[PDB]
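Heads up, work-v3.cif below (mmCIF, C-alpha atoms and all ligand atoms; chains and numbers go by the auth columns):
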```cif
data_my_file
#
loop_
_atom_site.group_PDB
_atom_site.id
_atom_site.type_symbol
_atom_site.label_atom_id
_atom_site.label_comp_id
_atom_site.label_asym_id
_atom_site.label_seq_id
_atom_site.Cartn_x
_atom_site.Cartn_y
_atom_site.Cartn_z
_atom_site.B_iso_or_equiv
_atom_site.auth_seq_id
_atom_site.auth_asym_id
ATOM 1 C CA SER A 1 -117.610 -104.308 -27.198 0.00 42 A
ATOM 2 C CA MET A 2 -115.194 -101.352 -27.927 0.00 43 A
ATOM 3 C CA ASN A 3 -114.781 -98.323 -25.595 0.00 44 A
ATOM 4 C CA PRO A 4 -116.121 -94.900 -26.623 0.00 45 A
ATOM 5 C CA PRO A 5 -114.201 -91.665 -26.164 0.00 46 A
ATOM 6 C CA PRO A 6 -114.638 -90.513 -22.570 0.00 47 A
ATOM 7 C CA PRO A 7 -117.080 -87.770 -21.648 0.00 48 A
ATOM 8 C CA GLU A 8 -115.943 -84.254 -22.386 0.00 49 A
ATOM 9 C CA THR A 9 -113.888 -82.503 -19.684 0.00 50 A
ATOM 10 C CA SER A 10 -112.677 -79.512 -21.727 0.00 51 A
ATOM 11 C CA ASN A 11 -114.716 -77.229 -24.000 0.00 52 A
ATOM 12 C CA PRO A 12 -113.481 -73.640 -24.295 0.00 53 A
ATOM 13 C CA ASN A 13 -116.640 -72.174 -25.760 0.00 54 A
ATOM 14 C CA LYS A 14 -118.848 -73.712 -23.040 0.00 55 A
ATOM 15 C CA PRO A 15 -119.737 -71.088 -20.440 0.00 56 A
ATOM 16 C CA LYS A 16 -118.178 -71.785 -17.011 0.00 57 A
ATOM 17 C CA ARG A 17 -118.280 -70.535 -13.468 0.00 58 A
ATOM 18 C CA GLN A 18 -116.753 -71.124 -10.135 0.00 59 A
ATOM 19 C CA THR A 19 -119.493 -70.835 -7.529 0.00 60 A
ATOM 20 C CA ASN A 20 -119.355 -71.590 -3.807 0.00 61 A
ATOM 21 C CA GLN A 21 -121.639 -74.575 -4.427 0.00 62 A
ATOM 22 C CA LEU A 22 -119.271 -75.952 -7.069 0.00 63 A
ATOM 23 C CA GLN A 23 -116.344 -75.484 -4.654 0.00 64 A
ATOM 24 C CA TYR A 24 -118.296 -77.529 -2.073 0.00 65 A
ATOM 25 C CA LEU A 25 -118.970 -80.195 -4.691 0.00 66 A
ATOM 26 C CA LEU A 26 -115.175 -80.567 -5.108 0.00 67 A
ATOM 27 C CA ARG A 27 -113.835 -80.004 -1.569 0.00 68 A
ATOM 28 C CA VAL A 28 -116.538 -81.950 0.242 0.00 69 A
ATOM 29 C CA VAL A 29 -118.624 -84.148 -2.041 0.00 70 A
ATOM 30 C CA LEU A 30 -116.060 -85.453 -4.527 0.00 71 A
ATOM 31 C CA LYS A 31 -113.304 -85.639 -1.895 0.00 72 A
ATOM 32 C CA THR A 32 -115.563 -87.629 0.457 0.00 73 A
ATOM 33 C CA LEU A 33 -116.615 -90.178 -2.155 0.00 74 A
ATOM 34 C CA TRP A 34 -113.156 -90.429 -3.780 0.00 75 A
ATOM 35 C CA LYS A 35 -111.417 -91.541 -0.568 0.00 76 A
ATOM 36 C CA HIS A 36 -114.057 -94.181 0.276 0.00 77 A
ATOM 37 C CA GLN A 37 -113.046 -97.904 0.318 0.00 78 A
ATOM 38 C CA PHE A 38 -115.631 -98.515 -2.464 0.00 79 A
ATOM 39 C CA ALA A 39 -114.543 -95.619 -4.720 0.00 80 A
ATOM 40 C CA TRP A 40 -112.113 -97.428 -6.966 0.00 81 A
ATOM 41 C CA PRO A 41 -114.521 -98.887 -9.571 0.00 82 A
ATOM 42 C CA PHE A 42 -115.898 -95.402 -10.071 0.00 83 A
ATOM 43 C CA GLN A 43 -112.620 -93.453 -10.337 0.00 84 A
ATOM 44 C CA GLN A 44 -112.381 -93.753 -14.144 0.00 85 A
ATOM 45 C CA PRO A 45 -114.636 -94.540 -17.114 0.00 86 A
ATOM 46 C CA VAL A 46 -115.834 -98.122 -17.421 0.00 87 A
ATOM 47 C CA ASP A 47 -113.326 -100.085 -19.484 0.00 88 A
ATOM 48 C CA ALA A 48 -115.706 -102.493 -21.224 0.00 89 A
ATOM 49 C CA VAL A 49 -112.728 -104.347 -22.704 0.00 90 A
ATOM 50 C CA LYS A 50 -110.674 -104.907 -19.574 0.00 91 A
ATOM 51 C CA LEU A 51 -113.780 -105.701 -17.511 0.00 92 A
ATOM 52 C CA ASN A 52 -115.211 -108.001 -20.216 0.00 93 A
ATOM 53 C CA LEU A 53 -118.519 -106.111 -20.517 0.00 94 A
ATOM 54 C CA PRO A 54 -119.000 -106.091 -24.279 0.00 95 A
ATOM 55 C CA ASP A 55 -122.646 -104.968 -23.952 0.00 96 A
ATOM 56 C CA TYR A 56 -121.938 -102.108 -21.536 0.00 97 A
ATOM 57 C CA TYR A 57 -121.932 -99.205 -23.997 0.00 98 A
ATOM 58 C CA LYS A 58 -124.739 -100.729 -26.053 0.00 99 A
ATOM 59 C CA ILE A 59 -126.879 -100.356 -22.907 0.00 100 A
ATOM 60 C CA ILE A 60 -125.365 -97.330 -21.148 0.00 101 A
ATOM 61 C CA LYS A 61 -125.660 -94.361 -23.481 0.00 102 A
ATOM 62 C CA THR A 62 -124.817 -91.608 -20.990 0.00 103 A
ATOM 63 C CA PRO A 63 -121.704 -92.958 -19.213 0.00 104 A
ATOM 64 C CA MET A 64 -120.314 -91.116 -16.236 0.00 105 A
ATOM 65 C CA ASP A 65 -117.683 -91.651 -13.555 0.00 106 A
ATOM 66 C CA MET A 66 -115.915 -89.758 -10.762 0.00 107 A
ATOM 67 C CA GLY A 67 -112.663 -89.558 -12.747 0.00 108 A
ATOM 68 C CA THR A 68 -114.579 -87.475 -15.240 0.00 109 A
ATOM 69 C CA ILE A 69 -116.378 -85.493 -12.536 0.00 110 A
ATOM 70 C CA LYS A 70 -113.033 -84.804 -10.820 0.00 111 A
ATOM 71 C CA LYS A 71 -111.516 -83.400 -14.038 0.00 112 A
ATOM 72 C CA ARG A 72 -114.649 -81.385 -14.722 0.00 113 A
ATOM 73 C CA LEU A 73 -114.463 -79.835 -11.232 0.00 114 A
ATOM 74 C CA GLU A 74 -110.692 -79.256 -11.345 0.00 115 A
ATOM 75 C CA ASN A 75 -110.997 -77.671 -14.801 0.00 116 A
ATOM 76 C CA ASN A 76 -114.014 -75.551 -13.802 0.00 117 A
ATOM 77 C CA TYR A 77 -116.076 -77.136 -16.604 0.00 118 A
ATOM 78 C CA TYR A 78 -119.488 -76.582 -15.025 0.00 119 A
ATOM 79 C CA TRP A 79 -121.892 -73.647 -15.103 0.00 120 A
ATOM 80 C CA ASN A 80 -123.795 -74.647 -11.974 0.00 121 A
ATOM 81 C CA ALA A 81 -124.122 -77.189 -9.152 0.00 122 A
ATOM 82 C CA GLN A 82 -127.062 -78.959 -10.786 0.00 123 A
ATOM 83 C CA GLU A 83 -124.923 -80.005 -13.773 0.00 124 A
ATOM 84 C CA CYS A 84 -122.421 -81.674 -11.445 0.00 125 A
ATOM 85 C CA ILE A 85 -125.115 -83.255 -9.262 0.00 126 A
ATOM 86 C CA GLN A 86 -126.655 -84.674 -12.418 0.00 127 A
ATOM 87 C CA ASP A 87 -123.351 -86.307 -13.341 0.00 128 A
ATOM 88 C CA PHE A 88 -123.185 -88.110 -9.956 0.00 129 A
ATOM 89 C CA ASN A 89 -126.765 -89.237 -10.297 0.00 130 A
ATOM 90 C CA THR A 90 -126.093 -90.479 -13.818 0.00 131 A
ATOM 91 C CA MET A 91 -123.155 -92.504 -12.519 0.00 132 A
ATOM 92 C CA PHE A 92 -125.252 -94.181 -9.840 0.00 133 A
ATOM 93 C CA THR A 93 -128.219 -94.779 -12.124 0.00 134 A
ATOM 94 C CA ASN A 94 -126.037 -96.352 -14.818 0.00 135 A
ATOM 95 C CA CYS A 95 -124.746 -98.814 -12.237 0.00 136 A
ATOM 96 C CA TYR A 96 -128.278 -99.765 -11.171 0.00 137 A
ATOM 97 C CA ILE A 97 -129.488 -100.111 -14.779 0.00 138 A
ATOM 98 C CA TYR A 98 -126.628 -102.286 -15.922 0.00 139 A
ATOM 99 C CA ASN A 99 -126.190 -104.563 -12.897 0.00 140 A
ATOM 100 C CA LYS A 100 -128.644 -106.530 -10.752 0.00 141 A
ATOM 101 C CA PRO A 101 -129.829 -106.026 -7.167 0.00 142 A
ATOM 102 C CA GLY A 102 -127.368 -107.182 -4.521 0.00 143 A
ATOM 103 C CA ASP A 103 -124.384 -107.353 -6.905 0.00 144 A
ATOM 104 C CA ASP A 104 -121.171 -106.205 -5.207 0.00 145 A
ATOM 105 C CA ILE A 105 -120.901 -103.178 -7.524 0.00 146 A
ATOM 106 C CA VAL A 106 -124.484 -102.162 -6.686 0.00 147 A
ATOM 107 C CA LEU A 107 -123.767 -102.425 -2.961 0.00 148 A
ATOM 108 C CA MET A 108 -120.685 -100.265 -3.568 0.00 149 A
ATOM 109 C CA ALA A 109 -122.703 -97.618 -5.474 0.00 150 A
ATOM 110 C CA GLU A 110 -125.379 -97.666 -2.775 0.00 151 A
ATOM 111 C CA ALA A 111 -122.787 -96.895 -0.072 0.00 152 A
ATOM 112 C CA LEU A 112 -121.296 -94.012 -2.092 0.00 153 A
ATOM 113 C CA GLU A 113 -124.776 -92.708 -2.977 0.00 154 A
ATOM 114 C CA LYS A 114 -125.805 -92.649 0.699 0.00 155 A
ATOM 115 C CA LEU A 115 -122.852 -90.361 1.485 0.00 156 A
ATOM 116 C CA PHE A 116 -123.529 -88.334 -1.629 0.00 157 A
ATOM 117 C CA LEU A 117 -127.095 -87.720 -0.460 0.00 158 A
ATOM 118 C CA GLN A 118 -125.947 -86.752 3.015 0.00 159 A
ATOM 119 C CA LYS A 119 -123.500 -84.231 1.598 0.00 160 A
ATOM 120 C CA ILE A 120 -125.947 -82.744 -0.963 0.00 161 A
ATOM 121 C CA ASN A 121 -128.387 -82.277 1.895 0.00 162 A
ATOM 122 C CA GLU A 122 -125.832 -79.860 3.327 0.00 163 A
ATOM 123 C CA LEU A 123 -125.237 -78.010 0.022 0.00 164 A
ATOM 124 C CA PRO A 124 -124.577 -74.348 0.917 0.00 165 A
ATOM 125 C CA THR A 125 -126.877 -71.607 -0.345 0.00 166 A
ATOM 126 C CA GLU A 126 -125.377 -69.866 -3.383 0.00 167 A
ATOM 127 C CA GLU A 127 -122.914 -66.932 -3.532 0.00 168 A
HETATM 128 O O1 LIG B . -121.146 -100.840 -13.398 0.00 1 B
HETATM 129 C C1 LIG B . -119.968 -100.510 -13.093 0.00 1 B
HETATM 130 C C2 LIG B . -119.635 -99.113 -12.835 0.00 1 B
HETATM 131 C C3 LIG B . -118.202 -99.143 -12.291 0.00 1 B
HETATM 132 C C4 LIG B . -117.706 -100.564 -12.605 0.00 1 B
HETATM 133 N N1 LIG B . -118.886 -101.322 -12.963 0.00 1 B
HETATM 134 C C5 LIG B . -118.820 -102.674 -13.171 0.00 1 B
HETATM 135 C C6 LIG B . -119.927 -103.508 -13.436 0.00 1 B
HETATM 136 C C7 LIG B . -119.755 -104.891 -13.646 0.00 1 B
HETATM 137 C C8 LIG B . -118.443 -105.430 -13.605 0.00 1 B
HETATM 138 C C9 LIG B . -117.314 -104.602 -13.370 0.00 1 B
HETATM 139 N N2 LIG B . -116.054 -105.140 -13.332 0.00 1 B
HETATM 140 S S1 LIG B . -114.909 -104.802 -12.071 0.00 1 B
HETATM 141 O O2 LIG B . -114.541 -103.248 -11.917 0.00 1 B
HETATM 142 O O3 LIG B . -113.637 -105.729 -12.308 0.00 1 B
HETATM 143 C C10 LIG B . -115.816 -105.268 -10.631 0.00 1 B
HETATM 144 C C11 LIG B . -116.244 -106.600 -10.549 0.00 1 B
HETATM 145 F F1 LIG B . -115.927 -107.438 -11.501 0.00 1 B
HETATM 146 C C12 LIG B . -116.979 -107.034 -9.437 0.00 1 B
HETATM 147 C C13 LIG B . -117.294 -106.131 -8.422 0.00 1 B
HETATM 148 C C14 LIG B . -116.884 -104.796 -8.503 0.00 1 B
HETATM 149 C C15 LIG B . -116.136 -104.351 -9.611 0.00 1 B
HETATM 150 F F2 LIG B . -115.765 -103.100 -9.667 0.00 1 B
HETATM 151 C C16 LIG B . -117.535 -103.242 -13.154 0.00 1 B
#
```
How would this structure read if it were set down as C-alpha cells?
Amino acid sequence: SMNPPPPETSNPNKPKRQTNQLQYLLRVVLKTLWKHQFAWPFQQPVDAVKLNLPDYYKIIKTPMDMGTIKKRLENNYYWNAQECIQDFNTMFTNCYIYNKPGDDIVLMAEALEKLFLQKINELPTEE
C-alpha cells in the first residue's frame, strides 16, 4: 500500500541523444496527449495512497506515466524513439492490466491511446 520512488528521469552515465524522432515525440505526441480532457489521471505517477489502491504496486511492477515521460523528454533522457514509445505503451498496458473493461479510467486510456497511435503512425523518418 505504500508508493515506490518514481521512475528514473535523470541518470548522467546513461547515454542520451536528441533525435528528430524524439523531438516529434515531445512536440507532437506528448503535447497532444497532455492537453487532452482525459490526460489528468496520467500526468503524474499513480499515488496508491491518495487513490486508495493499496494493491496497485503489488500488481504493477513497471509503472509509467506522462509526467515521467514529459521529464524524460525535457531532460533528453532517451537514446532513441523506441524507448519513449515503450514508456507510453507501458502506461496504457498497466491501466488495462489493473482495471476492468469499460471502467472510466480504461475509457480514458483508450481515447489517449487512439491519438497516440495516430501520431506514431506519422513518426518522421530519422535524422
Ligand atoms: O490506473 C490508473 C492509471 C492512472 C490512474 N489510474 C487509476 C485507476 C483506478 C483508480 C484511480 N483513481 S482516480 O485518479 O481518483 C480515478 C478514479 F477514481 C475514477 C476514474 C478515473 C480516475 F482517474 C486511478
Neighbour list for residue 120 of chain A as an NGL selection string, cut-off 12 Å, all atoms listed in the file, skip fewer than 5 positions in-chain:
:A and (52 or 54-64 or 113-114 or 125-126)
Option closest in space to residue 47 of chain A, from A:142, A:165, A:86, A:108 [counting all atoms listed in the file]
A:86
Nearby residues (all atoms listed in the file) at most 12 Å from residue 45 of chain A, same-chain spacing under 2 positions excluded, as JSON, numbers by chain
{"A": [42, 43, 47, 48, 49, 86, 87, 88, 89, 90, 95, 97, 98, 99, 101, 102, 103, 104, 105]}
Okay, now the selection with C-alpha atoms, as an mmCIF file, keeping the file's coordinate frame?
```cif
data_model
loop_
_atom_site.group_PDB
_atom_site.id
_atom_site.type_symbol
_atom_site.label_atom_id
_atom_site.label_comp_id
_atom_site.auth_asym_id
_atom_site.auth_seq_id
_atom_site.Cartn_x
_atom_site.Cartn_y
_atom_site.Cartn_z
ATOM 1 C CA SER A 42 -117.610 -104.308 -27.198
ATOM 2 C CA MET A 43 -115.194 -101.352 -27.927
ATOM 3 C CA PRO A 47 -114.638 -90.513 -22.570
ATOM 4 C CA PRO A 48 -117.080 -87.770 -21.648
ATOM 5 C CA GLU A 49 -115.943 -84.254 -22.386
ATOM 6 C CA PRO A 86 -114.636 -94.540 -17.114
ATOM 7 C CA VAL A 87 -115.834 -98.122 -17.421
ATOM 8 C CA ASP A 88 -113.326 -100.085 -19.484
ATOM 9 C CA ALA A 89 -115.706 -102.493 -21.224
ATOM 10 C CA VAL A 90 -112.728 -104.347 -22.704
ATOM 11 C CA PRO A 95 -119.000 -106.091 -24.279
ATOM 12 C CA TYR A 97 -121.938 -102.108 -21.536
ATOM 13 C CA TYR A 98 -121.932 -99.205 -23.997
ATOM 14 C CA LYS A 99 -124.739 -100.729 -26.053
ATOM 15 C CA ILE A 101 -125.365 -97.330 -21.148
ATOM 16 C CA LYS A 102 -125.660 -94.361 -23.481
ATOM 17 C CA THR A 103 -124.817 -91.608 -20.990
ATOM 18 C CA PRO A 104 -121.704 -92.958 -19.213
ATOM 19 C CA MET A 105 -120.314 -91.116 -16.236
#
```
Give me, as CSV, the closest atom pair and its distance (Å, one decimal) for every residue of chain A within a cut-off of 12 Å of ligand LIG 1 (chain B), counting only C-alpha atoms and all ligand atoms, rows sorted by chain and rising number.
```
residue,atom,partner,partner_atom,distance
A:78,CA,B:LIG1,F2,11.6
A:79,CA,B:LIG1,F2,8.5
A:80,CA,B:LIG1,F2,9.1
A:81,CA,B:LIG1,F2,7.3
A:82,CA,B:LIG1,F2,4.4
A:83,CA,B:LIG1,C3,4.9
A:84,CA,B:LIG1,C3,8.2
A:85,CA,B:LIG1,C3,8.1
A:86,CA,B:LIG1,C3,7.6
A:87,CA,B:LIG1,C4,5.7
A:88,CA,B:LIG1,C4,8.2
A:89,CA,B:LIG1,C9,8.3
A:90,CA,B:LIG1,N2,10.0
A:91,CA,B:LIG1,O3,7.9
A:92,CA,B:LIG1,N2,4.8
A:93,CA,B:LIG1,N2,7.5
A:94,CA,B:LIG1,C8,6.9
A:95,CA,B:LIG1,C8,10.7
A:96,CA,B:LIG1,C7,10.7
A:97,CA,B:LIG1,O1,8.3
A:98,CA,B:LIG1,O1,10.8
A:100,CA,B:LIG1,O1,11.1
A:101,CA,B:LIG1,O1,9.5
A:104,CA,B:LIG1,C2,9.1
A:105,CA,B:LIG1,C2,8.7
A:106,CA,B:LIG1,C3,7.6
A:107,CA,B:LIG1,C3,9.8
A:108,CA,B:LIG1,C3,11.1
A:129,CA,B:LIG1,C2,11.9
A:131,CA,B:LIG1,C2,10.8
A:132,CA,B:LIG1,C2,7.5
A:133,CA,B:LIG1,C2,8.1
A:134,CA,B:LIG1,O1,9.4
A:135,CA,B:LIG1,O1,6.8
A:136,CA,B:LIG1,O1,4.3
A:137,CA,B:LIG1,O1,7.5
A:138,CA,B:LIG1,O1,8.5
A:139,CA,B:LIG1,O1,6.2
A:140,CA,B:LIG1,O1,6.3
A:141,CA,B:LIG1,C7,9.5
A:142,CA,B:LIG1,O1,11.9
A:143,CA,B:LIG1,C13,10.9
A:144,CA,B:LIG1,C13,7.4
A:145,CA,B:LIG1,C13,5.0
A:146,CA,B:LIG1,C14,4.4
A:147,CA,B:LIG1,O1,7.6
A:148,CA,B:LIG1,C14,9.1
A:149,CA,B:LIG1,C14,7.7
A:150,CA,B:LIG1,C2,8.1
A:151,CA,B:LIG1,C2,11.7
A:153,CA,B:LIG1,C3,11.8
```
Check which residues satisfy the PyMOL selection byres (((chain A and resi 73) around 12) and not hetatm) in the file shown, then give them as a PyMOL selection string.
chain A and resi 65-72+74-80+107+111+152-161
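Coordinates place atom CA of residue 44 of chain A at a distance of 25.7 Å from atom CA of residue 117 of chain A.
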Enter the distance from atom CA of residue 112 of chain A to atom CA of residue 167 of chain A, in Å, rounded to one decimal.
22.1 Å
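Pairwise distance (atom CA of residue 53 of chain A, atom CA of residue 118 of chain A) equals 8.8 Å.
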Could you rebuild segment 67-92 of chain A with N, CA, C and O atoms and give me the result as a CSV table (one decimal), in the frame of the given file?
```
chain,number,residue,atom,x,y,z
A,67,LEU,N,-116.5,-80.0,-5.0
A,67,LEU,CA,-115.2,-80.6,-5.1
A,67,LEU,C,-114.6,-80.9,-3.7
A,67,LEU,O,-114.1,-82.0,-3.5
A,68,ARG,N,-114.6,-79.9,-2.8
A,68,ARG,CA,-113.8,-80.0,-1.6
A,68,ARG,C,-114.5,-80.9,-0.6
A,68,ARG,O,-113.8,-81.5,0.3
A,69,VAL,N,-115.8,-81.1,-0.7
A,69,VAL,CA,-116.5,-82.0,0.2
A,69,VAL,C,-117.1,-83.2,-0.5
A,69,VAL,O,-116.8,-84.3,-0.1
A,70,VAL,N,-117.9,-83.0,-1.5
A,70,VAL,CA,-118.6,-84.1,-2.0
A,70,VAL,C,-117.7,-85.1,-2.8
A,70,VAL,O,-117.6,-86.3,-2.4
A,71,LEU,N,-116.9,-84.6,-3.8
A,71,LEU,CA,-116.1,-85.5,-4.5
A,71,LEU,C,-115.0,-86.0,-3.6
A,71,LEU,O,-114.7,-87.2,-3.7
A,72,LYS,N,-114.4,-85.2,-2.8
A,72,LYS,CA,-113.3,-85.6,-1.9
A,72,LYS,C,-113.8,-86.8,-1.0
A,72,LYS,O,-113.1,-87.8,-0.8
A,73,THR,N,-115.0,-86.6,-0.4
A,73,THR,CA,-115.6,-87.6,0.5
A,73,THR,C,-115.8,-89.0,-0.3
A,73,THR,O,-115.4,-90.0,0.2
A,74,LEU,N,-116.4,-88.9,-1.4
A,74,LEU,CA,-116.6,-90.2,-2.2
A,74,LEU,C,-115.3,-90.8,-2.7
A,74,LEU,O,-115.2,-92.0,-2.7
A,75,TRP,N,-114.4,-90.0,-3.2
A,75,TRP,CA,-113.2,-90.4,-3.8
A,75,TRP,C,-112.3,-91.2,-2.8
A,75,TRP,O,-111.6,-92.2,-3.2
A,76,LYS,N,-112.3,-90.9,-1.5
A,76,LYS,CA,-111.4,-91.5,-0.6
A,76,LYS,C,-112.0,-92.8,0.0
A,76,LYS,O,-111.4,-93.6,0.7
A,77,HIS,N,-113.3,-93.1,-0.3
A,77,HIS,CA,-114.1,-94.2,0.3
A,77,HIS,C,-113.5,-95.5,-0.2
A,77,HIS,O,-112.9,-95.6,-1.3
A,78,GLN,N,-113.6,-96.6,0.7
A,78,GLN,CA,-113.0,-97.9,0.3
A,78,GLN,C,-113.7,-98.5,-0.9
A,78,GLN,O,-113.2,-99.4,-1.5
A,79,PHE,N,-114.9,-98.0,-1.3
A,79,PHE,CA,-115.6,-98.5,-2.5
A,79,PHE,C,-115.5,-97.6,-3.7
A,79,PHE,O,-116.2,-97.8,-4.7
A,80,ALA,N,-114.7,-96.6,-3.6
A,80,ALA,CA,-114.5,-95.6,-4.7
A,80,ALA,C,-113.9,-96.2,-6.0
A,80,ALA,O,-114.3,-95.7,-7.1
A,81,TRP,N,-113.0,-97.1,-5.8
A,81,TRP,CA,-112.1,-97.4,-7.0
A,81,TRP,C,-112.8,-97.8,-8.3
A,81,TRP,O,-112.3,-97.5,-9.3
A,82,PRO,N,-114.0,-98.6,-8.3
A,82,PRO,CA,-114.5,-98.9,-9.6
A,82,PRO,C,-115.1,-97.7,-10.3
A,82,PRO,O,-115.3,-97.7,-11.5
A,83,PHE,N,-115.3,-96.6,-9.6
A,83,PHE,CA,-115.9,-95.4,-10.1
A,83,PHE,C,-114.9,-94.3,-10.4
A,83,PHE,O,-115.4,-93.2,-10.7
A,84,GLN,N,-113.6,-94.5,-10.2
A,84,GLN,CA,-112.6,-93.5,-10.3
A,84,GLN,C,-112.1,-93.2,-11.8
A,84,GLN,O,-111.3,-92.4,-12.0
A,85,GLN,N,-112.7,-93.9,-12.7
A,85,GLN,CA,-112.4,-93.8,-14.1
A,85,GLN,C,-113.5,-94.3,-15.0
A,85,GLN,O,-114.3,-95.1,-14.4
A,86,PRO,N,-113.6,-93.9,-16.2
A,86,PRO,CA,-114.6,-94.5,-17.1
A,86,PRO,C,-114.6,-96.1,-17.1
A,86,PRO,O,-113.5,-96.6,-17.0
A,87,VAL,N,-115.7,-96.7,-17.3
A,87,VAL,CA,-115.8,-98.1,-17.4
A,87,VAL,C,-115.0,-98.6,-18.7
A,87,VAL,O,-115.3,-98.1,-19.8
A,88,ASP,N,-114.1,-99.5,-18.4
A,88,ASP,CA,-113.3,-100.1,-19.5
A,88,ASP,C,-114.0,-101.4,-19.8
A,88,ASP,O,-113.8,-102.4,-19.2
A,89,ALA,N,-114.9,-101.3,-20.8
A,89,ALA,CA,-115.7,-102.5,-21.2
A,89,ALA,C,-114.8,-103.6,-21.7
A,89,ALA,O,-115.3,-104.8,-21.7
A,90,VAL,N,-113.6,-103.3,-22.2
A,90,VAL,CA,-112.7,-104.3,-22.7
A,90,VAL,C,-112.1,-105.1,-21.5
A,90,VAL,O,-112.2,-106.3,-21.4
A,91,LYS,N,-111.4,-104.3,-20.7
A,91,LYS,CA,-110.7,-104.9,-19.6
A,91,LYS,C,-111.6,-105.6,-18.6
A,91,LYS,O,-111.3,-106.7,-18.0
A,92,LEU,N,-112.8,-105.1,-18.4
A,92,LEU,CA,-113.8,-105.7,-17.5
A,92,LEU,C,-114.6,-106.8,-18.2
A,92,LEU,O,-115.5,-107.4,-17.5
```
